[PDB]
Amino acid sequence: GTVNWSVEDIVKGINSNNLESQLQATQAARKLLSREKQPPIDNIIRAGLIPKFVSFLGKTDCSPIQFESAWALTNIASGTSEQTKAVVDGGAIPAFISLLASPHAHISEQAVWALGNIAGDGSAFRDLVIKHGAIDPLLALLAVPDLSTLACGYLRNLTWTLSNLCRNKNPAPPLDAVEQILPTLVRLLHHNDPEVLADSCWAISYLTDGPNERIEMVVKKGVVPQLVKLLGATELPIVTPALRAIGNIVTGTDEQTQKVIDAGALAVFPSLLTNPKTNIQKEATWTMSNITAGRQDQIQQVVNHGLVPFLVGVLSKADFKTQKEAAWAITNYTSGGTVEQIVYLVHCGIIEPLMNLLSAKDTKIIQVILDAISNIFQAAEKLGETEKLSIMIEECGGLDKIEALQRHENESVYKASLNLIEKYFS
Amino acid sequence: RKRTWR
Amino acid sequence: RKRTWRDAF
């Protein structure tokens, strides 16, 4: 009936002054735009169909044509930026915001989905969706005593759309918009559905990706213990955004970092630093580097949780990107740590895996490792154990590597290696 | 992100 | 000392 119609046929039907012919032609468009292989999105746009579909959204008396035009437009809006712009230029945003008030849950859900694709395009369309007043009718759809009474697919679409209103930077979402959405986000962060939890975490990860003022807004809502609980989930789609949110928070103040430690995040790190997914190990090691960039009492919490042997582990064997993040964790620790904490680090066997990485063809990691060697030597000066450390570096072939680095292309590497050889190996 | 309905 | 996701990756 409405399967495999040409764009020409769809235009003929939509241009008839017959509501039923228009409904059949809109369903035919929807079925075309729903096909897996190459939907003719640009052909539908060039035929001037978008304003016609947008005007069908207003046909309150024909709920089927509202659903069909809403689905058709959602599939166009899910395309490239140009294809999303075409939907916005067709006047779809206020028309989709009105549809959130529809008594039909399947039409209302379609409007949610469409707005999520529009807001997801970038900052400008996100902020345009907010200026047309989408947040209040969206949040009113979740104004229920228990989220479990809502349809699973419906709740997942709403959470996803709200996460897209939290997404993108330059600029970040309006503060006022973030303050309005956050109490609903916190509630979704406690829902039992894994997809709702994954998208709620992603929303939190976006809001924590900014200045300390933005991290504060989130931390003050008391979500860090719930993020730490989600950090221990079995589902990788929940752990990934949970770890990103936690990692972002610790880029903030020492006080914000402390909320993460107080919530018990460090107890999850033995499994995160040995996780079979390399992006988890990498981001967990990145999170560690920002905690070792903190206070001496925070470095002490890292020590007390038995995480130093785990940092020795990731430095010894991991994918290069994780090893680079481990080198940063070691330099940060040796920069802010006490003599006792640096002594402990060397005792745990950091020297051999640290010297082995001086063979990597990456100038940033060499600089980071050279800064770490320098800091460790500064602690050995305070103990008069410089000779003992010099022997350890010689014994695992580190001296031969630092000597070679004197004839390096990079100025900073050449100068740092030259200093260590002249100060402790001459 | 953007998502199509199939 | 502290680095953002963009600073690191």
# chains A, B, ... in the order shown; residues from 1 in each chain; ligands from 1
$ closest_atom_pairs --of "stretch 90-165 of chain A" --to "stretch 191-209 of chain A" --cutoff "12 Å" --atoms "only C-alpha atoms" --output "JSON lines"
{"residue": "A:120", "atom": "CA", "partner": "A:203", "partner_atom": "CA", "distance": 11.9}
{"residue": "A:146", "atom": "CA", "partner": "A:191", "partner_atom": "CA", "distance": 9.4}
{"residue": "A:147", "atom": "CA", "partner": "A:191", "partner_atom": "CA", "distance": 7.4}
{"residue": "A:148", "atom": "CA", "partner": "A:191", "partner_atom": "CA", "distance": 8.0}
{"residue": "A:149", "atom": "CA", "partner": "A:191", "partner_atom": "CA", "distance": 11.7}
{"residue": "A:150", "atom": "CA", "partner": "A:191", "partner_atom": "CA", "distance": 11.6}
{"residue": "A:151", "atom": "CA", "partner": "A:193", "partner_atom": "CA", "distance": 11.2}
{"residue": "A:152", "atom": "CA", "partner": "A:193", "partner_atom": "CA", "distance": 7.9}
{"residue": "A:153", "atom": "CA", "partner": "A:196", "partner_atom": "CA", "distance": 9.5}
{"residue": "A:154", "atom": "CA", "partner": "A:196", "partner_atom": "CA", "distance": 10.3}
{"residue": "A:155", "atom": "CA", "partner": "A:196", "partner_atom": "CA", "distance": 7.2}
{"residue": "A:156", "atom": "CA", "partner": "A:196", "partner_atom": "CA", "distance": 5.3}
{"residue": "A:157", "atom": "CA", "partner": "A:196", "partner_atom": "CA", "distance": 8.6}
{"residue": "A:158", "atom": "CA", "partner": "A:196", "partner_atom": "CA", "distance": 8.9}
{"residue": "A:159", "atom": "CA", "partner": "A:196", "partner_atom": "CA", "distance": 6.0}
{"residue": "A:160", "atom": "CA", "partner": "A:199", "partner_atom": "CA", "distance": 5.7}
{"residue": "A:161", "atom": "CA", "partner": "A:199", "partner_atom": "CA", "distance": 9.1}
{"residue": "A:162", "atom": "CA", "partner": "A:203", "partner_atom": "CA", "distance": 7.5}
{"residue": "A:163", "atom": "CA", "partner": "A:203", "partner_atom": "CA", "distance": 4.3}
{"residue": "A:164", "atom": "CA", "partner": "A:203", "partner_atom": "CA", "distance": 7.3}
{"residue": "A:165", "atom": "CA", "partner": "A:203", "partner_atom": "CA", "distance": 8.3}
$ select_by_dssp --residues "chain C" --states "helix (DSSP H, G or I)" --output "number ranges by chain"
C: 5-8
$ interface_residues --of "chain A" --to "chain C" --cutoff "7 Å" --atoms "only C-alpha atoms" --output "VMD selection string"
chain A and resid 251 290 293 332
$ write_last_selection --atoms "C-alpha atoms" --output "compact mmCIF listing (two decimals), in the first residue's frame"
# COMPACT_ATOMS: atom_id res chain seq x y z
CA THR A 251 39.70 18.01 37.67
CA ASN A 290 44.16 13.99 38.94
CA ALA A 293 47.77 15.92 41.62
CA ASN A 332 51.94 14.25 39.96
$ closest_atom_pairs --of "chain A" --to "chain B" --cutoff "7 Å" --atoms "only C-alpha atoms" --output "tab-separated table"
residue	atom	partner	partner_atom	distance
A:34	CA	B:6	CA	4.8
A:35	CA	B:6	CA	6.8
A:74	CA	B:4	CA	6.8
A:75	CA	B:4	CA	5.0
A:78	CA	B:2	CA	4.9
A:117	CA	B:2	CA	4.9
A:120	CA	B:1	CA	5.4
$ residues_around --residues "stretch 4-15 of chain A" --least-positions-apart "6" --cutoff "8 Å" --atoms "only C-alpha atoms" --output "number ranges by chain"
A: 21-26, 28-29, 31-32, 43-44, 47, 49, 52
$ atom_distance --atom1 "atom CA of residue A:286" --atom2 "atom CA of residue A:325"
5.3 Å
$ residues_around --residues "stretch 395-397 of chain A" --least-positions-apart "4" --cutoff "10 Å" --atoms "only C-alpha atoms" --output "count of residues only"
10
$ decode --residues "chain C" --atoms "C-alpha atoms" --output "short mmCIF file (atom, residue, chain, number, x, y, z; two decimals), in the first residue's frame"
data_model
loop_
_atom_site.label_atom_id
_atom_site.label_comp_id
_atom_site.auth_asym_id
_atom_site.auth_seq_id
_atom_site.Cartn_x
_atom_site.Cartn_y
_atom_site.Cartn_z
CA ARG C 1 48.92 19.47 37.81
CA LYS C 2 45.27 18.69 37.05
CA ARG C 3 44.38 17.96 33.42
CA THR C 4 41.02 17.88 31.63
CA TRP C 5 39.87 15.09 29.31
CA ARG C 6 40.83 17.41 26.37
CA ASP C 7 44.29 18.15 27.96
CA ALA C 8 45.00 14.36 28.23
CA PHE C 9 43.26 12.96 25.11
#
